[PDB]
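Protein chains in written order, with PDB author numbering: chain B, 0 to 290, 301 to 387; chain A, 0 to 290, 301 to 387; chain C, 0 to 291, 301 to 387; chain D, 0 to 290, 301 to 387; chain G, 21 to 228; chain H, 21 to 53, 59 to 228. Using N, Cα and C, we set each Cβ at its ideal position, and we do this for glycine too. Before any comments, here is the structure.
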Amino acid sequence: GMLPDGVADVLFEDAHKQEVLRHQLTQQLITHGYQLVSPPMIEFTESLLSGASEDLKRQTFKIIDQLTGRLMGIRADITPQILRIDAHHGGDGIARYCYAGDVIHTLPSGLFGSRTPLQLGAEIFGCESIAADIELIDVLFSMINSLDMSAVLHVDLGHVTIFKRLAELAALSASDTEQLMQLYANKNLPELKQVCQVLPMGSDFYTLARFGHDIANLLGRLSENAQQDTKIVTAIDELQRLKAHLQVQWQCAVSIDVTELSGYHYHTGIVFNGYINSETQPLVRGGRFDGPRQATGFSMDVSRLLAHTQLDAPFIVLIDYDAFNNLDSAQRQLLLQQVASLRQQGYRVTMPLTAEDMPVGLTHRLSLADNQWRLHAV
Amino acid sequence: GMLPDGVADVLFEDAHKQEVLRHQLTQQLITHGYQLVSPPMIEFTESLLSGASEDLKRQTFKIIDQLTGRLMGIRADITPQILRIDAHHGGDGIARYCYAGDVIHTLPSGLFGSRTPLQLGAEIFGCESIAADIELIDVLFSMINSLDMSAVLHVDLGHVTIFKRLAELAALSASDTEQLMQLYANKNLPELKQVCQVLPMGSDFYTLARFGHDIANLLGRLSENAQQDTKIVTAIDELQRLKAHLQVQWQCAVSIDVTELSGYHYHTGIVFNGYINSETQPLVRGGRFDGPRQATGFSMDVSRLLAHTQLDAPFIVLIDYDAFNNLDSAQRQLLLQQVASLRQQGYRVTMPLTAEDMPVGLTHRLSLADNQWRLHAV
Amino acid sequence: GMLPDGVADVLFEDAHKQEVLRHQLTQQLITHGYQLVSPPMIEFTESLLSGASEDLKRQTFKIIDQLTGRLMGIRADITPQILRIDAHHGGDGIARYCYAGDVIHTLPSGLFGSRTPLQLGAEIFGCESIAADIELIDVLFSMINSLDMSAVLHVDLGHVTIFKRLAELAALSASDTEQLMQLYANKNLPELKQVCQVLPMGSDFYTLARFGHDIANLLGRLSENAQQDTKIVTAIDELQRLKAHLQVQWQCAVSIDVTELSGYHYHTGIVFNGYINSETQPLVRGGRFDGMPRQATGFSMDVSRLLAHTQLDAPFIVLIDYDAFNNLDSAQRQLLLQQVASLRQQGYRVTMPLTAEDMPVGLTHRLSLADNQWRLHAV
Amino acid sequence: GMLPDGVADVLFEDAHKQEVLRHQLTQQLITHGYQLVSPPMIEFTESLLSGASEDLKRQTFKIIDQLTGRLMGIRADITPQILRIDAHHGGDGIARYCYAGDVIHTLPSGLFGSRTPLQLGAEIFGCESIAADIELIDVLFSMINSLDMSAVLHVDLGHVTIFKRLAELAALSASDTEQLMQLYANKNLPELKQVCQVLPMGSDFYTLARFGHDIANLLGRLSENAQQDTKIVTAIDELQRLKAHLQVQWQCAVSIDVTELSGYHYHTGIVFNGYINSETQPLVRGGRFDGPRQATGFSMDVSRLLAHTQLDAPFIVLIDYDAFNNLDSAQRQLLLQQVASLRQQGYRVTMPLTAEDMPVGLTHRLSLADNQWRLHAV
Amino acid sequence: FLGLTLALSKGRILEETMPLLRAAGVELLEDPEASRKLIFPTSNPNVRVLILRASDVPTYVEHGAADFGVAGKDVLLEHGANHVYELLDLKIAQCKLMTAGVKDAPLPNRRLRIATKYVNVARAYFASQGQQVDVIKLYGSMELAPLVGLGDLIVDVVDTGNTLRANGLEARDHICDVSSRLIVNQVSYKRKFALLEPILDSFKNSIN
Amino acid sequence: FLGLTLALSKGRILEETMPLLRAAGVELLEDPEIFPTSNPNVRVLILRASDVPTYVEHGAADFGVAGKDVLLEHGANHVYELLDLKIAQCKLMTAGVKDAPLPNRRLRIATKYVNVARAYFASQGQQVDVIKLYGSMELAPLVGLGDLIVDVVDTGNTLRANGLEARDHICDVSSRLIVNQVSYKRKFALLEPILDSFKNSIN
Ligand SMILES: O=P(O)(O)OC[C@H]1O[C@H](OP(=O)(O)OP(=O)(O)O)[C@H](O)[C@@H]1O
Ligand SMILES: O=P(O)(O)OC[C@H]1O[C@H](OP(=O)(O)OP(=O)(O)O)[C@H](O)[C@@H]1O
Ligand SMILES: N[C@@H](Cc1c[nH]c[nH+]1)C(=O)O
Ligand SMILES: N[C@@H](Cc1c[nH]c[nH+]1)C(=O)O
Ligand SMILES: N[C@@H](Cc1c[nH]c[nH+]1)C(=O)O
Ligand SMILES: N[C@@H](Cc1c[nH]c[nH+]1)C(=O)O
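What follows is the structure, encoded as structure tokens:
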């Protein structure tokens with residue numbers, strides 16, 4: 000019957016495509032030195048939601064473990080599981096992880112969004128350098144480029160460090176922070192200009208909204224206390240390094256938004272959002288977080314790639330029923346070797362049960378003509 | 000960070016192996032003319048558990064759709080989803096489907112069983128002939144043989160039709176059926192002999208447990224009322240046909256048990272259980288079902314193959330940190346092309362972030378000697 | 000069929016007794032100025048377990064609210080619900096609450112203990128004075144005395160403040176605290192004397208175990224650093240005030256144990272445990288819990313533990329003779345029903361029979377017609 | 000401190016009222032020869048749900064016994080527990096039981112229904128006679144009348160025997176029964192007339208819905224096959240007997256609905272629903288049920314009486330703080346004796362801790378004037 | 021090792037099983053009682069024997085560490101034999117599971133305290149008699165339990181009743197009849213039936 | 021009977037306890053291999074080691090001698106562990122087949138000490154499958170019932186003789202004096218003389 004909103008079958012060629020994408024992309028990440036981990040769909044909430052935002056807790060379906068009586072959750076995000084795994088196996092040095100798995104959300108994220116994304120991603124633990132953030136961009140764009148997509152990925156760079164340092168230096172109240180984050184999120188430039196004229200370093204908070212996009216000149220527009228702050232200068236330098244690397248190395252159109260606080264609230268520095276064409280929900284979400302242990306990574310919904318990737322039309326082959334049943338044992342063996350050869354080459358060959366047995370989307374018949382088996386387009 | 004009983008991470012090389020197995024086996028089934036379908040982890044219980052035994056209902060975690068207030072379930076089994084899909088897309092003709100997906104069980108099935116198997120399987124819909132049951136055996140053994148395992152698959156054949164016809168002909172109560180199914184499941188021959196001396200056709204129910212294994216002579220041991228039943232004679236003939244096919248075609252040791260009713264109670268005929276070595280929980284479960302459409306198929310936990318499959322040792326390459334950083338732009342570009350070539354060949358190459366950046370299980374260094382980059386075993 | 004361990008039917012006269020005890024004791028608390036509240040069996044865990052020990056969290060069965068998908072619990076303790084209620088209704092002044100309700104525990108506390116106690120209790124919110132702790136003892140002993148029990152309640156006074164101040168002043172590690180609490184709990188005096196000879200203020204920790212019972216002289220046995228601590232001197236003074244009040248006012252045998260840290264870990268000061276005869280599990284548990301600040305002290309008891317120690321007068325179970333009643337005219341029937349109504353008002357259990365064989369359980373009297381008159385007749 | 004929907008505190012005077020009602024009503028039932036039993040909140044599902052409808056199973060929260068690993072339930076209904084108790088203690092003769100206890104429902108029953116009713120009820124076991132059904136009505140109305148409520152109880156009589164005999168005689172399918180029960184529950188007369196024109200004895204099933212209210216003439220409207228069924232004629236005669244008894248003895252407005260099957264599906268005969276004023280959810284639910302043992306009884310949510318019952322205003326007394334503290338020991342002892350006397354008479358007396366210690370809803374002060382303690386309205 | 025592993029209880033079970041084995045072509049190559057060995061070879065090089073505590077036989081068999089074993093219905097009922105096949109009543113080491121109390125002492129009126137090895141059997145029996153009991157798990161000798169008032173009754177295995185009478189106890193209720201049974205691992209029965217069938221027939225022949 | 025009932029384990033515990041008892045004025049009047062003693066206040070029960078905590082916690086015995094191994098496995102919540110007697114010393118350890126390597130699955134542990142096993146592997150952040158054994162555990166790894174065993178180890182001779190070797194040290198084991206909570210409160214006057222004689226005997 001009917002399925003729940005944001006829950007869909009992936010059927011037939013879409014299912015084949017998804018399976019190929021999942022596998023190609025996982026192998027790419029493995030060859031870039033990322034260790035594949037496959038953590039379970041369910042854990043105890045103690046481990047699954049250990050240091051989680053209320054948004055991640057609310058996106059996680061809860062169930063009761065009938066062995067212990069304790070609460071478990073269906074994972075809504077794998078990154079926290081990589082954190083648990085890294086804590087046990089990773090050590091103090093640099094560690095790389097990749098993953099592909101189903102995750103479930105209680106509610107859809109955007110208008111008619113999926114609640115069952117196939118989350119695929121990479122994490123680097125144990126490196127402070129912006130170099131780790133640059134390696135992930137390299138890996139991601141290596142993957143995107145291999146898909147030979149028609150659509151183009153627009154990347155949006157943010158940095159939460161910038162606003163957080165301004166909030167600390169200007170000694171903003173708990174509520175004043177909330178009012179600025181709301182005004183930033185709705186790009187209300189007029190009502191921001193009013194609020195900012197009464198706030199300490201208020202001109203700096205207005206500068207973020209008006210001139211944040213122009214990262215080349217942003218530092219030279221900030222107040223002296225801000226302009227000298229090491230964590231702000233580093234932050235703006237990290238954005239310039241990534242922006243440059245993305246344009247030069249990867250021919251990627253980058254836009255900067257230092258007022259972006261959208262994504263999982265465990266983000267602690269640089270943030271990247273990859274948008275495909277003019278789609279409202281980003282395909283790729285990534286940025287810095289904390290295991301203290303340094304961490305940066307990205308995730309994407311493989312299922313969002315389906316509509317933008319194509320595979321070669323498949324060869325769907327039906328062996329003629331009557332001809333096959335007319336064969337001696339030695340002649341049957343000879344055909345099966347030929348059929349095995351075709352399957353190895355990726356041909357979809359159906360050995361029929363009846364004269365009417367018809368594979369869906371038939372392209373070719375394997376027919377016997379002059380003591381020989383050949384493909385024949387229908 | 001302890002996990003619930005029957006829930007384990009699949010990590011590192013095991014995760015790589017699982018990913019390769021999932022993909023090889025899925026592609027095999029696709030090339031045998033099975034349509035890949037990827038149904039969601041969650042549906043409404045109305046569709047997910049439509050015509051399900053208490054056993055399948057009890058294994059399914061329940062969760063609340065906050066959009067409608069209605070009950071959903073985390074699937075414990077994909078076969079019912081293939082049924083839903085086939086009902087809409089399949090038509091009246093023969094249809095083949097394959098699938099690979101995570102399923103969750105509330106309780107483990109056997110001693111120290113998983114609650115998070117990676118269920119992989121095939122279904123044939125729309126063929127009454129034992130020929131469809133024989134194709135699936137052929138496809139399954141094609142798959143098992145391709146894995147080049149040391150371990151060997153013992154096949155157990157059953158047939159639920161036999162007991163169900165005896166239950167109808169002897170007009171057994173709801174509770175008497177339960178007491179016999181409990182006794183059959185522990186093959187308690189003494190306590191069964193006592194119970195059977197007071198039941199109508201009771202000797203026939205005892206005959207199943209004592210002499211079910213000897214399928215060649217089983218019919219000649221049943222009551223005249225039973226021997227006259229066409230559905231019982233067909234059932235015993237189907238077991239003989241499959242037993243013969245498995246020994247002749249596949250050199251497979253087959254054991255018969257006509258009292259096997261421990262598989263999912265949506266089974267309506269022949270049942271197959273594949274055991275790997277001396278492991279209590281079967282690797283493969285299959286049989287006929289009918290939730301007005303003919304259907305037969307099998308499922309296996311891909312994760313149970315891990316301990317019995319091996320891959321070639323991987324090539325894990327680290328580029329020398331100091332040498333790479335000594336390169337001009339043109340020299341760096343030249344290396345990245347060489348590194349891209351290695352990854353395409355399946356080499357796992359780490360571009361290092363620091364002098365200490367060490368990949369796990371390092372096999373080779375890519376080192377610069379006399380303006381040239383070559384592999385060196387450590 | 001069979002019931003789960005620590006789950007029992009309360010049947011027949013035990014059920015009647017339990018019902019009378021629940022009601023008498025609830026009315027007593029109401030007349031002492033405690034407001035009766037009846038909070039539900041189930042809440043969201045957010046409110047039910049708000050500031051709870053891992054022991055209270057582990058004793059609480061969890062269930063899923065199918066309206067929201069959110070976690071709920073079957074309450075294992077009502078006190079946290081009184082806290083929620085007080086937070087909304089109580090205001091800043093003094094507020095008194097009483098309650099009687101079923102609570103469920105996941106595991107039993109003692110050998111073959113109940114998992115389904117009928118928790119009855121009182122809480123005073125908004126008073127710092129030891130006077131509030133003294134009022135609760137007065138109310139409790141008012142209740143215990145009204146039951147006319149043969150068994151006697153032994154009261155054990157503790158104070159968590161004493162050990163916690165010694166732990167802070169001697170700057171004990173997290174693990175050293177655990178080793179001392181384990182040794183205290185098993186009264187291992189030898190292995191404690193060894194551990195204490197190497198600890199800072201170690202002699203004070205040994206003094207608690209050896210000489211804690213003698214509260215009159217405890218202060219004069221402690222180190223100068225300890226004796227100077229106001230929170231320790233207050234604590235030992237609170238024990239002396241309650242010990243005196245219990246012996247003088249209530250003729251109660253009091254024992255002091257300043258190593259008792261065994262109740263719900265939300266306790267923040269004075270603790271009382273009432274033991275009935277020589278029973279291992281206490282009947283009454285009470286103490287301070289300033290911490291949601302709002303001041304709070306109260307007690308709870310399992311009403312079901314009173315059953316074995318309380319008696320009611322044998323009941324009057326009356327059966328009207330079937331044959332005689334059916335021989336009556338309408339006016340004669342009406343006359344009997346008025347007499348039967350009178351008996352029921354007086355608490356007689358009268359069965360108007362459906363058949364000649366209709367027999368009430370434990371029949372004491374027949375209402376029989378003899379010389380055109382209805383009288384009770386012992387069987 | 001928000002609560003789940005259908006969960007409410009009963010606070011202060013409402014809690015006092017509820018406690019008085021619970022006790023008055025329990026004592027009434029005890030004096031009418033009903034044995035008080037207090038079964039636990041939790042049992043194993045094996046005993047709690049032994050022979051239960053899907054509706055009772057769905058209303059029962061499940062929890063895990065950590066001692067055995069087995070499933071338990073929080074009772075949603077006490078009647079099944081009385082059945083278990085009666086089975087062991089009751090014997091073959093007549094047995095009466097009463098109970099008051101909290102029960103928990105997973106979902107609310109109707110529009111803004113409680114999930115935590117205080118279920119109070121009586122059961123008669125071991126009598127076939129309609130006389131037992133008449134005693135319970137007499138006991139119930141004795142209880143209702145004792146409450147001196149302004150609101151009035153409307154009684155709805157049904158009989159499940161009537162529909163169940165028609166279902167057996169017309170040999171209805173499992174699904175046809177479901178479609179009729181759904182249509183009956185919303186008294187959809189048009190869509191029922193359509194369904195009934197194709198069903199065997201379909202006109203009889205339509206007659207129930209259209210002319211069920213007119214019990215005097217219902218028999219003369221049924222098919223000859225139906226009219227000759229003794230169990231149907233008895234059923235319609237039992238409704239007439241109870242309808243008459245309720246109007247004559249109790250001056251009660253009775254409405255009949257022979258299609259009311261919305262109570263718990265363990266009902267085997269007569270069913271009673273008591274509605275208070277124009278409230279959608281009935282206050283009282285009762286009917287016949289079966290073990301080979303006769304049983305009839307009723308239950309009510311004591312909490313639903315609160316809004317319709319009143320108690321005498323309470324006397325809330327505060328002893329003057331300053332005066333009491335001015336007393337010698339002998340004078341204090343003298344006051345406590347006077348205070349003890351007041352409490353025995355049901356006065357609510359607060360011995361104050363401070364000068365500001367104010368009982369809620371203070372009515373009187375106990376004040377010292379000329380070496381004497383007297384009450385004074387404030 | 022590719023053949024059958026037979027799990028045997030030491031003592032009464034072992035001595036009464038040797039004749040059935042001998043007839044099936046399986047002789048032990050020495051006397052276990054005077055050996056520091058737990059894996060024993062036999063004259064049939066397919067079959068080897070494990071000497072276990074009686075309570076561990078179902079465990080070894082259900083997990084497939086042994087392919088088949090001999091254990092009393094008492095141990096099987098207590099353990100739960102859901103994961104093995106009880107193929108044969110061997111009619112050796114016959115006794116009964118019974119309740120037992122102090123001689124001539126009557127049942128007290130309070131909640132019955134039962135002290136026993138057979139905790140699950142105890143709960144099951146008293147459930148079926150509509151009696152609610154407190155059960156205390158004992159690993160060792162149970163005859164002491166009623167004499168120091170640990171339990172009101174014990175549940176134990178009883179043959180003549182001599183061990184009870186000698187300790188001042190007496191048998192009360194008959195729970196069920198006990199005999200040693202041949203149990204088989206479910207997988208071993210399916211995979212190694214060719215190796216088993218000859219020995220099962222020789223056991224079937226030895227009894228009838 | 022109004023005096024003290026002493027619960028004793030047969031074997032190693034019994035032989036090493038007789039000297040402590042003799043010094044406390046308690047000699048058994050015969051060799052066990059319910060017993061009166063020379064002190065007519067004290068009588069002795071000879072039990073399986075695993076039943077001593079059970080008899081003591083339920084008050085059928087007033088006090089007993091059991092190894093920390095049995096007390097840790099059973100849970101000693103309901104009794105008082107008054108004295109480490111420093112007799113019948115050994116260690117709880119994990120043990121496996123000599124030189125055999127860890128499998129890649131969840132480790133399967135075969136042991137009497139099921140709760141000790143779970144506790145230890147919990148504390149090492151490891152998840153294990155545990156199989157309960159009542160009898161001799163040395164056989165379990167050799168027929169692949171478990172990967173490791175948890176058992177009591179003194180010299181290690183029993184392990185080495187069966188082709189096993191000790192891996193991890195879980196904790197140290199000594200026989201302890203446990204006392205019923207009620208017996209400690211009600212019969213302290215009868216106990217104190219024997220507790221002091223036991224306290225004295227360990228010097
Ligand atoms: O009814 P009776 O004739 O008195 O014999 C029955 C007793 O025989 C067994 O003792 P044993 O210690 O020999 O058994 P086990 O060592 O094999 O456990 C068992 O423990 C019974 O108590
Ligand atoms: O000296 P080791 O080689 O380290 O072995 C010492 C043995 O002592 C224990 O049993 P013991 O026979 O002492 O007592 P029990 O029979 O009561 O278990 C334990 O089972 C060890 O195997
Ligand atoms: N897991 C994040 C992306 C991420 C991975 N690492 C850091 N950020 C998401 O789904 O949005
Ligand atoms: N899904 C079944 C196997 C099956 C597929 N089709 C029919 N039977 C199982 O996992 O047990
Ligand atoms: N609720 C606590 C007693 C208490 C009430 N208030 C303070 N303490 C208990 O169950 O032990
Ligand atoms: N327990 C039923 C009413 C009832 C009692 N006895 C028979 N019917 C209910 O609450 O709906």
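Legend entry - Contact between the region 149 to 157 of chain A and the region 68 to 80 of chain G (3+ Cβ pairs under 8 Å): Of all C-beta pairs linking the region 149 to 157 of chain A to the region 68 to 80 of chain G, fewer than three are shorter than 8 Å, placing the two stretches out of contact.
Legend entry - 8 Å Cβ cut-off: residues of chain G touching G0/C: Under the 8 Å cutoff, chain G gives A147.
Legend entry - Cα-Cα separation, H244/C to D321/D: If you draw a straight line from the Cα of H244/C to the Cα of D321/D, it comes to about 37 Å.
Inset, instruction - Kindly give me the distance between the Cβ atoms of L344/A and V358/A, rounded to whole angstroms, as I take these residues to be in contact under 8 Å. - result: For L344/A against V358/A, the beta-carbon gap comes to about 10 Å, at or over 8 Å, which does not count as contact.
Legend entry - Closest by C-alpha distance to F288/D, when choosing among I41/D, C126/D, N380/D: Just measuring C-alpha positions, the residue of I41/D, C126/D, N380/D sitting nearest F288/D is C126/D.
Inset, instruction - Pull up the DSSP beta-bridge partners for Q118/B, would you. - result: Paired residue(s): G100/B, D310/B.
Legend entry - heavy atom of ligand 1 below 8 Å from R201/G C-beta: No, ligand 1 has no heavy atom inside 8 Å of this Cβ.
Inset, instruction - Using the beta-carbon of each residue, find all residues closer than 7 Å to any heavy atom of ligand 4 and list them in chain order. - result: Chain-ordered, the residues whose CB falls short of 7 Å from any heavy atom of ligand 4 come out as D76/A, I77/A, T78/A, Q118/A, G120/A, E122/A, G262/A, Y263/A, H266/A, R284/A, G285/A, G286/A, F288/A, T305/A, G306/A, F307/A, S308/A.
Inset, instruction - For the region 105 to 113 of chain G and the region 34 to 45 of chain G, state whether three or more C-beta atom pairs, one from each stretch, are separated by less than 8 Å. - result: In short, these stretches touch, since the Cβ pair count reaches three.
Inset, instruction - Could you tell me which of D64/C, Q58/C, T67/C, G68/C sits nearest to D64/D, measuring between CA atoms? - result: The shortest C-alpha to C-alpha distance from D64/D to any of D64/C, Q58/C, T67/C, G68/C is the one to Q58/C.
Inset, instruction - With DSSP collapsed to three states, give me the class of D94/H. - result: The three-state secondary structure of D94/H, taken from DSSP, is helix.
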